[PDB]
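**Student:**
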Amino acid sequence: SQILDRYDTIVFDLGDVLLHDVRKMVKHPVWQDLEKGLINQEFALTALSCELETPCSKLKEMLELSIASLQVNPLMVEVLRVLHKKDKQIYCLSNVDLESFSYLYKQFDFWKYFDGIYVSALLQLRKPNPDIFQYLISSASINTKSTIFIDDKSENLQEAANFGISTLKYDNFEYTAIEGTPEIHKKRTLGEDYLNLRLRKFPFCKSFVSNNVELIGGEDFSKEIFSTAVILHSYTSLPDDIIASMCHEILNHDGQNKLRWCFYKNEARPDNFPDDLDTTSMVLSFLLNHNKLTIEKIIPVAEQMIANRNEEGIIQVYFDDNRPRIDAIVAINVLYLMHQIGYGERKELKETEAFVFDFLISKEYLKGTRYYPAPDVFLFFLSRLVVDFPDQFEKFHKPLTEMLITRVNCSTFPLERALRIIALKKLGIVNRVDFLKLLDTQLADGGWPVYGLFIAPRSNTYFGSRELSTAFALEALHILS
Amino acid sequence: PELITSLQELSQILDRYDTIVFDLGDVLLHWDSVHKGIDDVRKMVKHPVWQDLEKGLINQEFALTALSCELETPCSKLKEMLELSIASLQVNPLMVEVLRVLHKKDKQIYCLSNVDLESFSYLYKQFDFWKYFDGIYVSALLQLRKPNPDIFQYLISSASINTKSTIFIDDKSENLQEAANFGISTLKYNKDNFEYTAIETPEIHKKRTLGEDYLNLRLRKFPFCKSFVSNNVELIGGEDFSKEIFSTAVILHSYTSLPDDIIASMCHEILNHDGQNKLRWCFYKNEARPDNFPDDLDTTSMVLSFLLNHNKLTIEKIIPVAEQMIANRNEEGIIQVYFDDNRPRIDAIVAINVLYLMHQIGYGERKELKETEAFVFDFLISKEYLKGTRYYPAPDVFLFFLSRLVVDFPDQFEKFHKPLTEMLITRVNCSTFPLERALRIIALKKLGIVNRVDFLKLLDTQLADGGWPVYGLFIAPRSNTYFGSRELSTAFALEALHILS
Ligand SMILES: CC[N+](CC)(CC)Cc1ccccc1
Ligand SMILES: CC[N+](CC)(CC)Cc1ccccc1
Ligand SMILES: [Mg+2]
Ligand SMILES: [Mg+2]
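In structure tokens:
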């Protein structure tokens with residue numbers, strides 16, 4: 002339309018806009034708890050089974066039938082498409098429970114036109130409520146004077162109009178051109194102050210070791226360089242002085258030969274413990290990003306990595322023929338370096354990429370990897386490769402996003418909440434729920450609790466640190482605020 | 004300003020007040036702190052993370068693990084130091100005597116202190132001055148911390164304190180300062196004297212209202228309390244049963260604010276229940292009764308106790324049924340579950356509910372009750388109740404019903420009070436099921452302890468229509484069938500809400 006081209010930003014509703022008696026269910030107050038993400042469908046159907054005096058299975062079939070009867074609106078989708086081509090900022094703002102949102106994301110394919118998807122079950126907010134409009138506007142930094150909102154309901158358009166956003170009621174299209182927390186900041190400030198103090202005191206990132214993921218009763222072991230590299234890659238808002246001190250510890254790490262890095266400091270290296278491609282890939286990828294190394298110096302190390310494939314063609318974990326292992330996340334971090342340096346189209350990487358893609362798509366990642374038992378870690382690292390090399394990894398985006406959507410608010414560990422927040426936001430989905438619960442678990446000194454990010458399987462030793470946890474939580478807070 | 008050195012003069016000033024608030028740390032209890040890394044527990048307790056533990060936001064393992072990094076001290080040394088500190092704890096003989104004297108003067112006496120749940124659990128078992136308090140307000144049970152004014156606002160509101168007649172005793176001036184802002188007079192406890200200064204939410208009610216409207220409408224429409232059955236405790240996808248009378252009787256005993264019109268309607272269901280004969284009741288309606296399934300003492304006890312309470316039946320009519328129950332003992336003397344020699348069963352909650360009716364009708368001194376009462380007592384004390392009972396798998400159900408009996412007949416069950424309180428404290432916030440939170444809140448408050456943690460978490464699981472989720476309260480053990488309803492869950496939750504406001 003000639004109307005929408007006057008606006009920089011268009012916000013789309015889903016229902017009866019892009020998609021076209023179960024009404025007694027969706028009007029019930031319990032359904033609003035479901036829409037808000039407060040409960041899941043199983044518990045919501047149990048309750049509604051009682052209030053609606055209907056066998057639970059009948060409500061499930063009525064709902065299943067109702068979702069599958071949804072059909073795209075071809076006029077609106079094409080409209081969405083033309084706006085996308087015009088480089089508009091486009092957002093989706095809609096009430097829908099989480100599982101329905103999973104089905105609809107899998108089932109349709111217009112999602113790609115959106116710069117950002119704001120769904121009620123991921124926000125714990127519902128669409129007539131002005132709070133959801135205010136959340137959208139500040140989080141997306143929307144200039145309401147150049148923003149128009151498309152909905153079928155007048156309550157929604159009236160609310161948006163009160164924030165100064167024009168409206169298009171979707172037969173007829175009614176157009177009206179409209180012309181007219183500090184707790185987060187405190188928690189961010191506390192956390193930044195905590196992280197900056199820890200890392201200024203100990204730029205070689207500390208770690209602790211134990212036999213459990215919470216590292217209860219863990220002992221101090223601060224003689225591996227990997228955590229330092231993880232933080233440098235993962236928390237993108239370190240002050241320059243800290244970046245420098247941590248870079249210094251990497252460049253001067255003594256578990257180092259010919260740009261092959263070892264996990265351990267020399268003093269702590271088990272006799273005969275080999276260099277590994279995870280530590281090597283991660284530090285090399287950081288040094289190249291910060292212009293401490295050239296592709297010329299890295300490429301021979303990358304060939305050794307290609308030389309390290311097993312009989313199935315998969316690049317292995319260690320520079321040691323007598324210690325053959327594989328790991329989907331080590332595969333990912335190798336592939337990241339490969340695409341960074343120009344190796345992205347080497348045929349010898351095909352089975353390593355196939356392995357990673359299959360690990361995603363088979364849901365085998367729900368079992369964790371050899372060194373990373375928590376499934377969201379695989380998803381997070383995959384999202385880094387997929388979003389940073391999007392043309393090369395196009396076919397990963399939708400399946401990765403599907404998996405992440407189902408895992409929103411599925412675990413209580415703060416670091417796991419952080420990874421889901423960061424990964425979903427990089428994929429254009431706003432996960433406010435995990436964000437809210439992440440804030441609640443900050444400790445009083447500003448740091449989050451220790452978490453066992455990775456594992457030495459031979460000794461079932463978990464490694465982790467408050468620095469790692471806090472670094473991820475701060476990235477999550479910054480990326481959504 | 005008024006410096007006091009005379010223990011006599013102290014007693015004379017405290018007597019001028021109706022309410023005395025006592026601190027624990029360095030007032031009633033005293034301890035030492037210096038025992039690779041730090042060598043002073045004072046460095047732990049001062050740390051910000053320790054405030055999270057004190058407020059109940061984390062447990063000891065969690066706080067130590069974090070402190071082991073901040074204080075650069077091996078976690079296991081921090082653990083040893085705490086245990087040594089706690090083991091070193093001594094009672095203050097002067098202040099417990101002052102406390103005891105105030106108690107013997109029928110003063111209203113409260114305890115307000117910062118202590119973490121594990122520590123407070125140990126202290127409660129270890130010492131025995133707690134009986135002198137009318138109410139106990141501990142930071143880990145309140146998720147509030149003592150300097151903060153809102154812990155004072157909470158105490159004053161929870162206990163309906165007249166701050167004009169209230170005096171607070173504490174060793175920390177910051178605590179006294181904050182108390183004086185609320186008009187409470189202060190008494191600083193020093194190593195060498197006393198300093199005496201004479202001094203002159205909306206969400207909760209919305210939730211209460213919504214929950215009351217929910218339950219009143221549900222019980223009006225279905226005064227025979229509905230029930231669902233499934234093989235799992237949250238009854239996900241459970242089927243409608245609604246053919247047992249016991250839920251109706253449990254609601255009448257457990258939620259004490261039903262309007263008279265609902266009470267009348269539910270009482271009619273009990274009296275017109277076809278599964279009864281000569282004032283013995285059967286769990287099931289006839290249409291669902293298994294062939295040869297007997298009447299049982301649990302439904303009977305709870306039904307007769309209610310009908311007596313509401314003057315539907317005389318003591319004269321109950322006492323013969325109660326004598327039959329005494330005739331239902333086994334070779335160990337424990338009263339059994341069913342009116343049926345061919346189906347011998349014992350269950351500790353059924354025993355509790357039979358004992359309740361016994362004491363209520365005048366049978367409380369009958370010697371034939373001894374083995375039943377010792378069964379329930381050993382069941383508590385042996386921690387065997389952590390395994391559930393035959394018909395009630397959730398451990399807090401046994402503690403809840405025990406607390407009804409023990410608080411309602413306190414002269415006969417004195418020896419139960421402290422062990423039961425000890426157990427309940429260890430269970431604060433130990434499970435997520437709303438009904439279980441509600442049982443713990445209700446039971447602890449009857450025992451004088453405010454469990455605000457479970458309360459706040461209970462509030463957050465109310466659904467938008469005012470009802471709580473269904474929960475399987477009791478079990479048909481053979482088929483592993485759970486029974487429950489939203490009415491049951493909401494009734495226990497509303498009672499917990501009322502009892503803590
Ligand atoms: C970077 C080290 N690693 C893989 C070698 C992380 C995935 C785990 C590990 C650490 C120490 C011993 C063994 C394995
Ligand atoms: C009062 C009913 N009863 C004991 C008879 C106590 C909860 C459980 C029960 C219900 C149904 C069948 C068997 C036992
Ligand atoms: Mg709509
Ligand atoms: Mg004190």
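As given, the protein sequences belong to chains A and B, one line each in that order.
Using our numbering, the first residue of the first sequence is number 2, and each one after it goes up by one.
Using our numbering, the first residue of the second sequence is number 4, and each one after it goes up by one.
Even for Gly, the Cβ is constructed at its ideal location relative to N, Cα and C.
Can you give me the Cβ contacts of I502 (chain B) inside the same chain, cut-off strictly under 6 Å, excluding the 5 residues immediately before and after it?
**Tutor:** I445, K448
**Student:** By the 10 Å Cβ neighbour count, where 16 or more other Cβ atoms means buried, how is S88 (chain B) classified, buried or exposed?
**Tutor:** It counts as buried.
**Student:** For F222 (chain A), collect the residues of the same chain with a Cβ closer than 8 Å to its Cβ; drop the 5 residues on either side in sequence, then sort them by chain order.
**Tutor:** Beyond the five residues adjoining it in sequence on each side, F222 (chain A) comes within less than 8 Å, by CB distance, of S208, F209, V210, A269, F464 in the same chain, given in chain order.
**Student:** Could you say if the stretch 452-467 of chain B and the stretch 397-417 of chain B meet the contact criterion of at least three C-beta pairs nearer than 8 Å?
**Tutor:** no
**Student:** CB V453 (chain B) to CB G138 (chain B), shorter than 8 Å?
**Tutor:** yes
**Student:** Residues of chain B with CB closer than 9 Å to the CB of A48 (chain A), please, in chain order.
**Tutor:** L466, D468, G470, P472, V473, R489
**Student:** Measure from the C-beta of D392 (chain A) to each C-beta in chain B and report whether the shortest distance is under 8 Å.
**Tutor:** no
**Student:** Would you verify that the beta carbon of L238 (chain B) is, or is not, closer than 8 Å to some beta carbon of chain A?
**Tutor:** yes
**Student:** Could you tell me if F174 (chain A) is buried or exposed, where buried requires 16 or more neighbouring beta carbons within 10 angstroms of its beta carbon?
**Tutor:** exposed
**Student:** Compute every distance between the C-beta of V78 (chain A) and the non-hydrogen atoms of ligand 1, then say whether any falls below 7 Å.
**Tutor:** no
**Student:** Tell me whether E439 (chain B) is buried or exposed, calling it buried when 16 or more other Cβ atoms sit within 10 Å of its Cβ.
**Tutor:** buried
**Student:** Which same chain residues end up closer than 7 Å to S147 (chain A) when comparing Cβ atoms and leaving out the 5 residues on each side of it in sequence?
**Tutor:** Annotation for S147 (chain A): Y8, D9, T10 place their beta carbon closer than 7 Å to its own, counting only its chain and skipping 5 residues before and after.
**Student:** Taking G38 (chain A) and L99 (chain A) to be in contact with their CB atoms under 8 Å, please state how far apart those CB atoms are, rounded to whole angstroms.
**Tutor:** Approximately 6 Å separates the beta-carbon atoms of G38 (chain A) and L99 (chain A); this is inside 8 Å, confirming the contact.
**Student:** Taking all protein chains shown into account, do 16 or more other C-beta atoms lie within 10 angstroms of the C-beta of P398 (chain B), making it buried, or fewer, making it exposed?
**Tutor:** By the neighbour-count criterion, in which a residue is buried when 16 or more other Cβ atoms sit within 10 angstroms of its Cβ, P398 (chain B) is buried.
**Student:** I want to see whether chain A comes within less than 8 Å of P77 (chain B), judged by CB atoms only; does it?
**Tutor:** yes
**Student:** By the 10 Å Cβ neighbour count, where 16 or more other Cβ atoms means buried, how is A419 (chain A) classified, buried or exposed?
**Tutor:** Buried is the call here.
**Student:** I'd like to confirm something about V18 (chain A): is its beta-carbon nearer than 7 Å to some heavy atom of ligand 3, or not?
**Tutor:** Inclusion of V18 (chain A) in the 7 Å shell around ligand 3 follows from its C-beta lying nearer than that to a non-hydrogen atom of the ligand.
**Student:** Can you give me, in chain order, the residues of the stretch 215-239 of chain A that have a beta carbon less than 8 Å from any beta carbon in chain B?
**Tutor:** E215, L216, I217, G218, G219, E220, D221
**Student:** Give me the subset of the stretch 36-52 of chain B whose CB atoms are less than 9 Å from a CB atom of chain A, sorted by chain position.
**Tutor:** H50, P51, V52
**Student:** At which residues does the beta strand (DSSP E) containing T148 (chain A) begin and terminate?
**Tutor:** Run containing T148 (chain A): 148-152, per the beta strand (DSSP E) assignment.
**Student:** Is DSSP giving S14 (chain B) helix, strand or coil here?
**Tutor:** Note: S14 (chain B) maps to helix in three-state DSSP.
**Student:** Can you tell which of B:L358, B:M269, B:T259, B:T435 has the C-alpha that lies nearest to the C-alpha of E498 (chain B)?
**Tutor:** B:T259
**Student:** Rounded to the nearest angstrom, what separates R189 (chain A) and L124 (chain A) at their Cα positions?
**Tutor:** A direct Cα-to-Cα measurement between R189 (chain A) and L124 (chain A) gives close to 20 Å.
**Student:** Please specify which runs of the alpha helix (DSSP H), each continuous and at least 4 residues long, are wholly inside the stretch 47-88 of chain A, giving them in chain order.
**Tutor:** 57-69, 75-86
**Student:** Ligand 6 heavy atoms versus the CB of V31 (chain A): any closer than 7 Å?
**Tutor:** Ligands in the displayed structure: ligand 1, ligand 2, ligand 3 and ligand 4; ligand 6 is not one of them.
**Student:** Which complete beta strand (DSSP E) runs does the stretch 190-277 of chain B hold, if anything under 3 residues is left out?
**Tutor:** 197-200, 231-233
**Student:** Scan the stretch 289-340 of chain A and note each continuous alpha helix (DSSP H) run of 4 residues or more that stays entirely inside, going in chain order.
**Tutor:** 296-307
**Student:** Counting by C-beta, which residues lie closer than 5 Å to a heavy atom of ligand 2, in chain order?
**Tutor:** B:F249, B:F286, B:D299, B:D301, B:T302, B:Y394, B:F477, B:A479
**Student:** So is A308 (chain A) buried or exposed if we call it buried at 16+ other beta carbons inside 10 Å?
**Tutor:** exposed
**Student:** Is there a Cβ from chain A that is less than 8 Å from the Cβ of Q63 (chain B)?
**Tutor:** no
**Student:** At what residues does the alpha helix (DSSP H) containing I502 (chain B) begin and finish?
**Tutor:** Per DSSP, the continuous alpha helix (DSSP H) segment holding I502 (chain B) begins and ends at 489-502.
**Student:** Taking CB distances under 8 Å as the criterion, tell me whether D55 (chain B) reaches chain A.
**Tutor:** Between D55 (chain B) and chain A, the shortest Cβ-Cβ separation is below 8 Å.
**Student:** Between which two residues does the alpha helix (DSSP H) harbouring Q108 (chain A) extend?
**Tutor:** 99-108
**Student:** Going by C-alpha distance, which of B:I41, B:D277, B:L255, B:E334 is nearest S268 (chain B)?
**Tutor:** B:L255
**Student:** Considering only C-alpha positions, which residue in the set A:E346, A:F414, A:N273 is nearest to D392 (chain A)?
**Tutor:** A:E346
**Student:** What's the gap between the Cα of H50 (chain B) and the Cα of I265 (chain B)?
**Tutor:** So the two alpha carbons sit approximately 53 Å from each other.
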